[PDB]
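Report on the following structure.
Here, residue 1 is the first one in the sequence, and each next residue gets the next number.
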Amino acid sequence: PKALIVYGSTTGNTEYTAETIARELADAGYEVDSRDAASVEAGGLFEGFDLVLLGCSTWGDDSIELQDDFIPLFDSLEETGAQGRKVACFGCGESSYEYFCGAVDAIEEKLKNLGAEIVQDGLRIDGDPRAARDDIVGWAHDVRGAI
Ligand SMILES: Cc1cc2nc3c(=O)[nH]c(=O)nc-3n(C[C@H](O)[C@H](O)[C@H](O)COP(=O)(O)O)c2cc1C
C-alpha cells in the first residue's frame, strides 16, 4: 500500500513524530511519502493513496490555532480527495493549555464532515515526543492493523 504523511511543525516535535510513524509503516512494507505541509498544494493531494496521515501542532493565545504551514491545507481540505479515504490524525501539544492538541480535534472533525474514514482515534502527544516513542510506534502499529 501507499501512505501519505503530511505534517505542520514549527519546533520539530510533530515532524519527529511523523518520521517515526513513517519508519514503522515503511518497515511494514508500505511505500511512504512524508511531506511538510509548507511544500504541498491541496488540490488532489490524496489521490492515489491508500492511507493518509495528517499531523499538526496547536498554537494560539487563548484560542485554538493550527500550525501556520498547515492552515492553507486545512482551509482547502474539501479539494484533497478525502471522501471515502482512510485517514488518521496526530499532533503534539502541551496539557497545560486549555485545548490540549486542539488542532487534532479540528482536523478530525473537518475530515468526518467530508466523509473520510477515520481509522483510529488521533494520537495526541504531550511534551517531548522523544519521551513517548513507544506510544508513537504502538499507534502506528494499530493504524496499520486497522486498514
Ligand atoms: C503560544 C503557544 C500556544 C500554544 N497553544 C497550545 C494549545 O492551545 N494546545 C496545546 O496542546 N499546545 C499548545 N502549545 C504547545 C505547542 O503545541 C507544543 O510546543 C508543540 O510540541 C509544538 O509542536 P511542533 O514543534 O511540531 O510545532 C502552544 C505553545 C505556544 C508557545
Is there side-chain contact between [X] and [Y], with at least one heavy-atom pair below 4.5 Å?
X	Y	result
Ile147	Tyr30	yes
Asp33	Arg35	yes
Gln67	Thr14	no
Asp36	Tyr7	yes
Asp27	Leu25	no
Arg23	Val32	no
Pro129	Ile136	yes
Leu111	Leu54	yes

> Does NZ or CZ of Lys110 come closer than 6.0 Å to the centre of the six-membered ring of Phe74, within 45° of the ring's axis?
Replying inline: yes
> Is it true that the NZ or CZ of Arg130 lies under 6.0 Å from the centre of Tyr16's six-membered ring and within 45 degrees of the ring axis?
Replying inline: yes
So, are [X] and [Y] salt-bridged, with charged N and O less than 4.0 Å apart?
X	Y	result
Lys86	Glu117	yes
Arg124	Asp105	yes
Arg144	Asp142	no

>> For the backbone of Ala103 and the side chain of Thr58, can you confirm whether one donor and one acceptor N or O come within less than 3.5 Å of each other?
In response: yes
> Just how far is it from atom CG of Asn113 to atom CD of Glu108, taken to the nearest 0.5 Å?
Replying inline: 11.5 Å
